[PDB]
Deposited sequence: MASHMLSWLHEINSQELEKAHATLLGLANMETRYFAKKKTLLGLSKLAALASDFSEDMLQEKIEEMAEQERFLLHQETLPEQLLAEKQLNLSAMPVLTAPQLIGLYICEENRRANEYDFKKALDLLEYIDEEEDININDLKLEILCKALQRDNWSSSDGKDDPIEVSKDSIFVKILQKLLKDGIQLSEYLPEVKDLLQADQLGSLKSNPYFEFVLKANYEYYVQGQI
């Protein structure tokens, strides 16, 4: 996908083609998050502006909605840790599900609430190493903040065999919760 191709295609009124190349550019992008969004947005507009049938169009806007879901996660990164990590507002690369989950649960991310973690458990399908290794590591730091409330709510938020027990500890209340979970999941 040549970076100038969509310009010539928009100019030639070839909007289905421009959409394809903009989607292409967007999928190649990693160096700038702001850029991937713009290209995606441009690609969505070309799709919307073009002569796709309502079927074909419906698909594109769908496979596009998926992509917008992923990006929505890096988009919503709390402003407290973007400053603590001295990060660049939009002058920053396209993070992966890994570096997000980790960064969404870092101890720099103070105010980490239910959603920060609920979202963190959503960024599991966007991976492609050990899966349940972090699956726990998160449910772990989901407690360190509880200062023995949230782990309660995150479970409230799931509706269950994905969580760990014996290996997690590797305890008074843990079991208490691991009891309410039983009556909940059953």
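Participant: Which parts of the deposited sequence have no C-alpha atoms in the model?
Facilitator: Unmodelled stretches: 1 to 2, 131 to 134, 155 to 165, 177 to 189, 201 to 211.
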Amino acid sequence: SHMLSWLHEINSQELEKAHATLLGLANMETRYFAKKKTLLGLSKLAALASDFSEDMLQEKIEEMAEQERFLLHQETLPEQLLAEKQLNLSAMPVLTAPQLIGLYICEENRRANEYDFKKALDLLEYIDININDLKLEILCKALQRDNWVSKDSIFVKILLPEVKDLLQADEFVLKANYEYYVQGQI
From here on, numbers count along this sequence of modelled residues.
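Participant: With respect to the recorded C-alpha B factors, which stretch has the higher mean value, 67 to 75 or 109 to 117?
Facilitator: Comparing 67 to 75 with 109 to 117, the higher average CA B-factor belongs to 109 to 117.
Participant: Of the two stretches 35 to 43 and 129 to 137, which shows the higher Cα B-factor on average in the entry?
Facilitator: Here the higher of the two C-alpha B-factor means belongs to 129 to 137.
Participant: Out of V173, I10, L167, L22, whose C-alpha atom has the biggest B factor in the entry?
Facilitator: Out of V173, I10, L167, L22, the record gives the largest C-alpha B-factor to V173.
Participant: Between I61, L143, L123, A49, let me know which has the highest C-alpha B-factor in the entry?
Facilitator: Highest CA B-factor of the listed options: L143.
Participant: Sorting by Cα B-factor within the chain, modelled residues only, which third would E29 end up in: lowest, middle or highest?
Facilitator: For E29, the deposited C-alpha B-factor lands in the lowest third.
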